[PDB]
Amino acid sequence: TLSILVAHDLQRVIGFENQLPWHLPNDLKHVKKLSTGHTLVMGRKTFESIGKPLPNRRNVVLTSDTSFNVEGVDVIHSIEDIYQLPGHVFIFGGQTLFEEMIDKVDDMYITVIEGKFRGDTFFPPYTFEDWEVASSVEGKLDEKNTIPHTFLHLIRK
């Protein structure tokens, strides 16, 4: 299975200055739950911003850099390489990867951040005409989680 995994705001903002625009522990938990034991595929800029591979799953980085060889990370140099990865593969970001893969994935796991943030990177536009809502779950608000959010699982019609 090939899935997108993304958190975007009301205007599809996903990032600002190579970082996430918001702080939301519950969404980190969501990512951990979904992708532990599976595979994340991410672009070079996203990886470098994270700074190290995420524990307990396969980390795959897409880059043109022939010198990229990082401990605990597998490198790919083409989009076509993604389709050779076994198991459940999550396209993890950032903007460039989402733009390349939105028309190809089976599935999308989207956290809608119910606010409007300043961004410089965006998830591509999509229409519910193309996607069935398999599930929609309101995020619980906390002292630690203060931005309303909704976990959507969308399946390509």
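Quick note: we count residues from 1 along the sequence shown, nothing fancier.
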| field | 143-151 set against 9-17, stretch whose average Cα temperature factor tops the other in the entry | value | 143-151
| note | Going by the entry, of stretches 125-133 and 90-98 the one with greater average Cα B-factor is 125-133
| remark: Assert third(CA B-factor, residue 45) within chain per record equals middle
| Where the record places residue 52 (Cα B-factor, split into thirds across the chain) | highest
| request: Place residue 26 in the lowest, middle or highest third of its chain's C-alpha B-factors, as listed in the PDB entry. | output: middle
| task | Would you mind checking where the Cα B-factor of residue 65 ranks among the modelled residues of its chain, as the lowest, middle or highest third? | result | highest
